Every structure is written in C-alpha cells, then in structure tokens.
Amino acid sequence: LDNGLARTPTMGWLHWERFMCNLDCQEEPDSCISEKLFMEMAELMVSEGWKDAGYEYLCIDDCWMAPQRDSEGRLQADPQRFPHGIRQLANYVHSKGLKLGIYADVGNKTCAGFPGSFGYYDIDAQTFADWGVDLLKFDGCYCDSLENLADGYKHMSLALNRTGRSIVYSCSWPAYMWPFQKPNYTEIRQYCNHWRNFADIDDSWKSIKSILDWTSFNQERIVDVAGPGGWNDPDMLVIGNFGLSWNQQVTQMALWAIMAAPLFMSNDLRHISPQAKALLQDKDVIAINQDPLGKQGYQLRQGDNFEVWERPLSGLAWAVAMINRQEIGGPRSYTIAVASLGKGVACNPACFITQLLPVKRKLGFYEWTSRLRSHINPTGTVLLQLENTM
C-alpha cells in the first residue's frame, strides 16, 4: 500500500494472544481488556526500552467495543472498561511517543461477536482518524461472500485514505480466502500495509511449526510480493509467555526476522523474564527484521530434520537460519557449504560470518569453497549474518 507507511515491518504490541477477550474486570481487573491495561503497557513500552528497540505501535485487538453503536451509528468503546474513551487513550499513547492501533471487522460482527463495520466503512474510518488512531487491524469474520470480503477490504482502504490521516492498514484478507481461493497478492498489496496469511498463533511450539511449514510450503506464492509498504504477517510474537522453551523462543525470533514479518509482541510487559526481554530487544536480530532492502527470506532447503532459511539484506549481506526439528537427543551438528548460501554470491570470493543466536559470536572469514559447521539444539535455531568481502 503506497501510503508511505510500513517501509519496514511494523513493530508493536498487540493484546490478543496473551489477554484475549477477557471482559471480567470484577474478578480480574489487572488482566481484563480495559483502558488501564493499555495505559500500563504504554508506560512500560517507554520505561523498559521497548520503544527504543523499535516497538512503537500499541494495538488494541478485539473486544474493546460496546455491544451496540451509538445513536449516530458510531462504534463505541465499552463504557465500563474504557470509560474515558479511545480519544483520551490515543492522546495518552501519543504523549509517550507511541502510536495507537485498533481493531475492526469487514463483516457484520467481529470474530468475538461485537459490531462489524459492514455498512459503516466511511463512518468507522472517520471515527478512527478523528480519534487519532494510527493503525487498523481489519478482520474478516462474519462476511457472507469472498466478493463482499474483498470489496469491503478495498472500500475500507480507500475510506482510511480519504481521512487524510496516516493509518497503517493490516488486512486479514488472504487468511479468509486461502481455504476457498488463491489470493491475488498484487491486489492485496495495492490496498494493505500487511496481511495475515494463516491461522491464529497460540502459545505453543506446534503452532509455530505449522506457521513455518505453511509459509515454506507456500513460499513461491508469497515471498516475492513482500517489500517496503506491504508485508506478509505470520502473526504475533508469543515470546515471554508460557508454552515455549527457550530454544523455541529463539526459533520464533530468528525466523520472524528472516521472514520480514511485522513484530507484534503479545505478552505481559509487566511480567516478562529478563531473558525473554533480551531476545525481543536484540538489536542485531531486529536489524535483520528491519533491513531497509525489505526482501523477505525463504527456506533454502530441508532434510534430515534440519531446515536452512536465508534472507538477502542490503549491502550484499545475508541472514541465515538453521533450525533443528528433531525433538529428541541433544545438540545436533549441521554442516553446510557456504557456496550454497546466497545463490552462490554471499561468500564469493569470501564472507565474514557472525552468529547472532542463540549467542552472539564472531566466526571469522569463510572462502567460497569453505564449509560451516554448527551445533543446533532440538527445536532451536542458529542465526548467522554473512558479510561479503568485496
């Protein structure tokens, strides 16, 4: 989408995976979906270095709305949970140097069953712009046909444009299409800054494997379409929650960098481990994700329960991820000829290799004919950066 936004993948925080649709502020006031939750997250995004690392979008997912529209046909923030309204939340967020994201749905209801934007695209778009919203995640539930789905996504894109406000537009468009038809990513890119392709992530290694496997299986359809202003979205970072081993967390961070994915944390910034914080704020890995060239990486090869992925970077640099998918035993050795990397030009005539994950370490120079040996933990990943010597 040619709105000057998302020239690198969008970085932020999104409540959904960790906090979901919790409406019970009686019993669980510190975890229910309320203005206080987002105000606290915004405070910690500044104070705990998240904004400095590059995470600038604080995003409300589903279950922020009142059950009904007001008498002027506008979406309302829940009166009990957002008593001061979204404008005041937006102003608070902007005062921290952050940006506010919000959620709506192309169909008649949100996926959680709250008011949809069908019949109200212009009104909702203007409401959001008038509130000071900076990002819109636009979901695809309760839409009665794929033609209405596509039309609505295009209408909302133009409606947001007409407001004149800079609003990052996130479309779940192709995710609801894939089961029935192959999406037209050329069309989707014209209207969207990024797009969810596949099923919702959850707090598990299984979920992460399915997203990677779906992405690598379908990489010829989706990789080349991605670029500055338009990204594939494999869903939220779930690092720092409950269901992932340390190695599986390193794997998600590494592969989301390789995939040029938007980096939307979904965790509790109030209660997050030092190690999870360090991984998510890793400047060298974020630098790969944020690389200005914006070429999405891909799976180079798979076999013997290993995978090798790579991503071309600006300045003739390459990022290389090697994943160990064998979930038994100990660290397993993997040897690759560097000549196989970067279409043969990464290390022609030579390259300097630095390991970034699981620990940062310089590995020295490598001639075009040389081989790289690494030991990779089960479900873990080794992430390398290659610098050409020319």
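Numbers for residues come from their place in the sequence shown, where the first is 1.
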*Mind pulling up the entry and telling me whether 209 to 217 or 80 to 88 has the higher mean Cα temperature factor?*
80 to 88
_Stretch with the higher entry mean CA B-factor, where the candidates are 357 to 365 and 322 to 330_ = 357 to 365
*asked:* If I read the C-alpha B-factors straight from the PDB entry, which of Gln275, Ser117, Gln302, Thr251 is highest?
replied: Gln275
*Top Cα B factor in the deposited entry, candidates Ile336, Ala66, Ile33, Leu58*: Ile336
*Going by the recorded CA B-factors, say which third of the chain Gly230 sits in, lowest, middle or highest.*
middle
*asked:* Taking only the Cα B-factors deposited for this chain, tell me whether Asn22 sits in the lowest, middle or highest third.
replied: middle
_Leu384 - which third its CA temperature factor falls in, relative to the rest of the chain_ = lowest
*Sorting the chain's modelled residues by C-alpha B-factor, tell me whether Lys182 ends up in the lowest, middle or highest third.*
highest
*Would the CA B-factor of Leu14 place it in the lowest, middle or highest third of its chain?*
lowest
